[PDB]
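Colleague: Okay, here's the structure, questions in a sec.
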């Protein structure tokens, strides 16, 4: 199993794997061809100097090292390569004498693989050492955070403050440097996102603690939220640090990446069903409730959160939960319906309203039971993790104590819960099996630790045998958990529709449920959007949703039978594959509008909350009025979060923005009650300057993260669309204004002028951002001016809106208002213009690219890979390679991969034709990266160029491993005889890299043409983007 989680490792294995690559061409050039191997005293002498110094430096390290784990793990490593090279120096002797020596041309192949694996495994050792040091400093912070609560003093807090600060500073540094070194960007993300949070939390801890050694000392009505936050703030930070430690130990694709998000998302839905249960019941507990108020929604929210969880389950529970939701909701339809006749008191109108109310209880029970089963695995997985780590050290010292051996007992016991909790007897078995060997060897080495500790590597052959076996067990278990949760659909809009399509096409072929899952996700977002709208709108959306649900149900059932190519199995495919199209569009417009309103005003509620907290100890309705505000706040923060999540969902941006948005969203959810408490602290503890410094901190902290989210959501909307929606909204606001003056209600008037001013201000924000994001003189100036005009248009309307406050019926005042009004709307068209795409200007025989070869009649294909090539090719297949090198390289490697979807599985002559397929791809890999970097440079749009470059840095890394990997397979494909964990895993990794690669290429193609419209003054020319 090769490992290349870092830059150094790839840097050292790249060349090595290269030499061997050459020792193989010959070895196969003699094994199947004609004339055998030549003389290789120099080549095989090269492999020597390489691994030589390596092994050497390892030796100086092993000796001069305090680390027990390096002491034990390192040595076996050197040993590996020594034999691997002294088996090639030998193999070459017989090859120098009797070149045709067959028994010698096998000292090579099996000696060729040794050099690789041996070097990887040695290097791997240095790293784990490197990581341990970080991890140590990490646990420190964790532990020292424990201490936090045991602080009631002041000078005591001070000691803390200066003891933590540095260690924290040291951690951040170590971590920074570390990610700088990873080759898995994803891993680099989590590390930085985690370290960020932790940083920003620190101050919060401090502040709380002081606000603590203030009230708790006083003994009044404030500590109720003091020990709260202080304790909460800590439990969060120690969670991220744990996450960091977790991510650090990684050396390949995240296994259970979604493990956290899942158990945490199942927590929001529970808390959300919990916080709306009553409210939706109170509706069915009243035949006199309006078919659309809060109550009608609460039922709907509950059912949303319900399927959210349902979706995290598998088949049975998944379909049972979703099924329930369907009828429960469809039933509410019948209910609120009959209320639409006056027979809400019909015996049925209350006998279905209870039928549903009681169903809500069954459903809540079902989801809770599911949440539990999923968190049980989560805990177990975590338990196992800590235990194997505690027994890591007990294995390092030949002088352990039954305790450490009691950590290995616990590990297997926990691994036993994961087995029970399992539902595929095959996986559970493979687990329980291992426990028997591990349990043994751990006992067989325990004895020897009293019967002559065997401090001399004689026990090592066990203490290592075990540490390794434990490692294998933690992998089996991880899959069990992984394989327990269904495959997820793409996060972003585009990715879903794509996946949706695929299945639509081949409803027969295994996507692993992904296609129908993507459809479910979309419809779910459709319902989410709709359950927020009104009249026919909410019902019209819901119509097309139910419409797609019905179509997919049908198509899936046909295909299920056998009919995977029938007439309706197309007529349906068509009615559906066109149904999403209308939906995608319907939802995007839909979300743009929602964003206009929810995000209009974001600081008001927090203001009243801020105001309230300070209010005079004698203020009337004190303690009742505030509460009315804390509510009104938490409620709004929720709606913001909800909305931004829809923008993430159905908007336009990649995992780039989506993650950042979902990021701020979670946050908001955390600091919402925090703030809402620090606001209550100061209420029952006025004056107390520690109360202002704290609550101010929190609020402003929340007020930041918001604008961070406000900005991002706006970047999910297409600027042109945003401006448009903004212009209409301003127009209709001017209408509510006219109706106010017509009915004489200065409050109705003002509220519209107010909203208008907000609206126009937002426009200025979008503009400023749009301008900073550009390097193009024309644009920045055009937009700059228009936006300058707009501002002057703002205040005059506001004061004129104020004048007509009094004389709402007085003309000359409403004229001076409406006049300044249309003056805004005027300037807004002026800024809309500056965004207008540019008006086109004024300045063959054929093109014959090669088709896609797939027809191989049940030939030895590797499905997963063939897919990737196919998908990639399909994308490039849309354009012409004519005047487009990126397209060419794409199209080429597409086919250059299908040629690999053949060699991957053993064969005849492969081993060479493979080492070539990779090299060929990697050379193409190098052309895209190079051209994409250029298009990036000619781009005046900082965002795109920043995205373009983002997909580039990945290609190189990817193609490299693709080489190193292929070089390995070639080593163990020459013997198409038996199968083992080695050949199997390496083949597995190969596909994964070939997957990431075909993806990063579609991406580079997309962003490449995206940046195509933002290039100007025509320097080095462009790529000719034209569809065929």
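Using the numbering of Swiss-Prot, the residues shown for chain A are 1-843, 877-910, 979-1129, in order.
According to its header, this structure was worked out by X-ray crystallography, 2.9 Å.
Placed from the backbone N, Cα and C atoms, the Cβ positions cover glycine too.
Reproduced below are the annotations present in Swiss-Prot:
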MOD_RES   97  phosphoserine
MOD_RES   173  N6-acetyllysine
MOD_RES   272  phosphoserine
MOD_RES   275  phosphoserine
MOD_RES   288  phosphoserine
MOD_RES   290  phosphoserine
MOD_RES   346  phosphoserine
MOD_RES   434  phosphoserine
MOD_RES   579  phosphoserine
MOD_RES   600  phosphoserine
MOD_RES   721  phosphoserine
MOD_RES   809  phosphoserine
REGION    168-208  region 'Talin-interaction'
REGION    259-589  region '3 X 112 AA tandem repeats'
REGION    741-764  region 'Interaction with ACTN4'
REGION    1003-1046  region 'Facilitates phospholipid membrane insertion'
REPEAT    259-369  repeat '1'
REPEAT    370-479  repeat '2'
REPEAT    480-589  repeat '3'
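Help me picture where these features are in the structure shown.
Modeller: Neighbour density for residue 97 (phosphoserine): within 10 A of its CB lie 10 other CB atoms from the protein chains shown. Taken residue by residue with DSSP, residue 97 (phosphoserine) is part of a helix.
Shown in sequence order, the list is empty: the chain has no residue 6+ apart in sequence with a C-beta less than 8 angstroms from the C-beta of residue 173 (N6-acetyllysine).
In the three-state DSSP scheme, residue 272 (phosphoserine) falls into the helix class.
All protein chains shown were included, and the count of other CB atoms within 10 Å of the CB of residue 275 (phosphoserine) stands at 15.
Secondary structure at residue 288 (phosphoserine), as computed by DSSP, is coil.
Long-range Cβ proximity for residue 290 (phosphoserine), meaning a same-chain Cβ under 8 A and a gap of 6 or more residues, is found for 296, 339.
Around the Cβ of residue 346 (phosphoserine), the number of neighbouring Cβ atoms within 10 Å comes to 15.
Counting Cβ atoms from all protein chains shown, residue 434 (phosphoserine) has 17 others lying within 10 Å of its own Cβ. Secondary structure from DSSP puts residue 434 (phosphoserine) in a helix.
Taken residue by residue with DSSP, residue 579 (phosphoserine) is part of a helix.
Within 10 Å of the Cβ of residue 600 (phosphoserine) there are 14 other Cβ atoms, across all protein chains. Under the three-state DSSP scheme, residue 600 (phosphoserine) falls in the coil class.
All protein chains considered, the CB of residue 721 (phosphoserine) has 13 other CB atoms within 10 Å. DSSP assigns residue 721 (phosphoserine) to a helical segment in the three-state reduction.
Secondary structure from DSSP puts residue 809 (phosphoserine) in coil.
For the region 'Interaction with ACTN4' (741-764), same-chain residues at least 6 beyond its ends with a Cβ under 8 Å from one of its own Cβ atoms are 600-601, 714, 723, 726, 729-730, 733-734, 787, 790-791, 793-794, 797-798, 801-802, 804-806, 808-809, 814, 817, 821, 824, 828, 831.
DSSP assignment over the region 'Facilitates phospholipid membrane insertion' (1003-1046) gives 34 helix, 2 strand, 8 coil.
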Colleague: Given residue 97 (phosphoserine) and residue 434 (phosphoserine), what distance in Å do their CA atoms have, once rounded to a whole number?
Modeller: 47
Colleague: How would DSSP class residue 173 (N6-acetyllysine) in three states?
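Modeller: The three-state answer is helix.
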Colleague: Just to be sure I understand the break: residue 843 and residue 877 bracket 33 unmodelled residues, and I want the straight-line distance between their C-alpha atoms in Å.
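Modeller: So the two residues bracketing the gap are 17 Å apart at Cα.
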Colleague: What is the interatomic distance between the Cα atoms of residue 288 (phosphoserine) and residue 346 (phosphoserine), given in whole Å?
Modeller: 11
Colleague: Measure from the CA atom of residue 275 (phosphoserine) to the CA atom of residue 579 (phosphoserine) and give the result in Å, rounded to a whole number.
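Modeller: Approximately 35 Å lies between the Cα of residue 579 (phosphoserine) and that of residue 275 (phosphoserine).
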Colleague: What does the structure give for the C-alpha distance between residue 600 (phosphoserine) and residue 272 (phosphoserine)? Integer Å is fine.
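Modeller: Just about 25 Å between their Cα atoms.
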Colleague: If you skip the near sequence neighbours and keep only those at least six away, which residues in the chain come within under 8 angstroms of residue 272 (phosphoserine), Cβ to Cβ?
Modeller: 301, 302, 305
Colleague: What are the sequence-distant neighbours of residue 809 (phosphoserine), meaning same chain, six or more residues apart, C-beta distance under 8 angstroms?
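Modeller: Expected: 741, 744.
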Colleague: What's the most sparsely packed of the modified residues 288, 579, counting other C-beta atoms within 10 A?
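Modeller: Selected from the modified residues 288, 579 on minimum Cβ neighbours within 10 Å: 288.
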